[PDB]
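Student: Please see the structure below; I have some questions.
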Amino acid sequence: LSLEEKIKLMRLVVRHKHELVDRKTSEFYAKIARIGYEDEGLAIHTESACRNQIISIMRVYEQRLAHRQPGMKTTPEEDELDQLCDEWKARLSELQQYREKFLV
């Protein structure tokens, strides 16, 4: 994916973030793949391929966080993608916290 495509994809993920239900990932990533194709011109992705793109974006995000330097000058596109990733990370963590509260 180009940077522009990654941003379009993560904009969709974040816009729909409240639609992800714990243990119902398939419906969510399938919907994201579909809207990304239909509305943002992404290639046709299987569910797994779409989810893998997001997994990779988030892994790269964690690497970017680990390698941040105080005083670095950044671009608006990298700032937007990082902000979207922060918001998605927070949603995944929220779901994890709710699951952990009621573990058997």
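Student: Using the Cα centre of the chain as the reference point, and only Cβ charges (+1 on K/R, -1 on D/E), how large is the resulting charge dipole? Debye, rounded to the nearest 20.
Tutor: 360 debye
Student: Just from its helices, what would the mean residue ellipticity at 222 nm be for the chain, if runs of 4 or more DSSP H residues each count -39500 (n - 2.57) and the sum is divided by every residue, rounded to the nearest 500 deg cm²/dmol?
Tutor: The helix-only estimate for the chain comes to -24500 deg cm²/dmol at 222 nm.
Student: Continuing with this model, one more query. Only Cα pairs within less than 10 Å get springs; with that Gaussian network setup on the chain, which residue of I32, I54, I44 has the largest fluctuation?
Tutor: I44
Student: Next up: What is the set of long-range amide H partners of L42 at a cut-off below 5 Å, with H atoms built 1.01 Å from backbone N?
Tutor: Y37
Student: Let me ask something additional. Which residue, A66, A43, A33, tops the fluctuation ranking in a GNM of the chain built on C-alpha contacts under 10 Å?
Tutor: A66
Any read-out appearing in this document is the output of simple, stated calculations on the displayed coordinates, not a laboratory observation. Note that each Cβ is placed from the backbone with ideal geometry, even for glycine, and that neighbours are counted across all protein chains shown.
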